[PDB]
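Below you'll find the structure, written out as structure tokens, and then a few comments.
Chains as they are written, first to last, in PDB author numbering: chain A, 6 to 89; chain B, 6 to 89.
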């Protein structure tokens with residue numbers, strides 16, 4: 006499960022950070038979320054989910070649909086990096 | 006470039022954490038390094054390199070070769086995850 010990843014939170018932080026036109030929002034939110042909730046949010050399978058969603062966005066430039074597709078399909082296993 | 010990523014530090018922390026037989030060293034090391042140096046170590050390209058290196062390691066379980074192979078051929082572009 007990706008419960009402890011606090012992924013919805015990262016999504017809101019990411020959208021809000023970019024509304025401020027801050028650089029490297031992906032880094033800032035990971036740091037912010039780590040400082041509050043720690044290692045649970047940096048598990049490699051959280052990283053896989055975030056990379057599927059964030060790659061989709063830098064390339065697809067939707068966010069709305071990139072979250073739908075990731076949250077419904079990507080579970081965090083190492084294999085997901087090449088169909089997501 | 007990937008200098009701000011402090012990747013060799015992460016590589017040493019992971020090796021140290023694993024030699025102690027602790028679980029979730031990728032998370033713990035990402036976390037401690039975050040608490041110490043911050044968002045520059047969590048930029049999306051650092052995550053690309055870390056994923057190529059760590060994926061090569063869970064699948065093949067070599068480490069030194071996965072490190073050398075990733076260090077020489079991965080620069081952090083979003084397109085690197087196709088051939089790590």
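Idealized CB from N, CA, C, for every residue including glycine.
{"Query": "Any C-beta of chain A under 8 Å from that of residue 43 of chain B", "Result": "yes"}
{"Query": "Touch test, the segment 26-34 of chain B against the segment 16-31 of chain A, Cβ-Cβ under 8 Å, three pairs minimum", "Result": "no"}
{"Query": "Per-residue DSSP class, three states only, for residue 47 of chain A", "Result": "helix"}
{"Query": "Residue interval of the alpha helix (DSSP H) (run including residue 42 of chain A)", "Result": "30-42"}
{"Query": "Cα-Cα separation between residue 7 of chain B and residue 52 of chain B, rounded to whole angstroms", "Result": "10 Å"}
{"Query": "7 Å CB neighbourhood of residue 16 of chain A in its chain, flanking five on each side removed", "Result": "72"}
{"Query": "Same chain, Cβ closer than 7 Å to residue 14 of chain A, neighbours up to 5 away in sequence not counted", "Result": "38"}
{"Query": "With 16 other Cβ atoms within 10 Å as the buried cut-off, status of residue 78 of chain A", "Result": "exposed"}
{"Query": "7 Å Cβ shell around residue 75 of chain B - same chain, five flanking residues per side excluded", "Result": "54, 57, 58, 61 and 89"}
{"Query": "CB contact below 8 Å: residue 79 of chain B versus chain A", "Result": "no"}
{"Query": "Under 8 Å by beta carbon: chain A residues contacting residue 76 of chain B", "Result": "Going along chain A, no residue has its Cβ under 8 Å from residue 76 of chain B, so there is no contact; the nearest lies around 19 Å."}
{"Query": "Check whether residue 31 of chain A and residue 11 of chain B have beta carbons under 8 Å apart", "Result": "no"}
{"Query": "Neighbour-count burial assignment, residue 81 of chain B, 16 or more Cβ in a 10 Å radius", "Result": "buried"}
{"Query": "Boundaries (first-last residue) of the alpha helix (DSSP H) holding residue 27 of chain B", "Result": "First-last for residue 27 of chain B: undefined, no H or E at that position."}
{"Query": "Residue-level contact to chain B via CB, residue 47 of chain A, 8 Å cutoff", "Result": "yes"}
{"Query": "Nearest-angstrom Cα separation, counted from residue 68 of chain B out to residue 68 of chain A", "Result": "35 Å"}
{"Query": "Cutoff 8 Å: residue 29 of chain A Cβ touching any chain B Cβ", "Result": "yes"}
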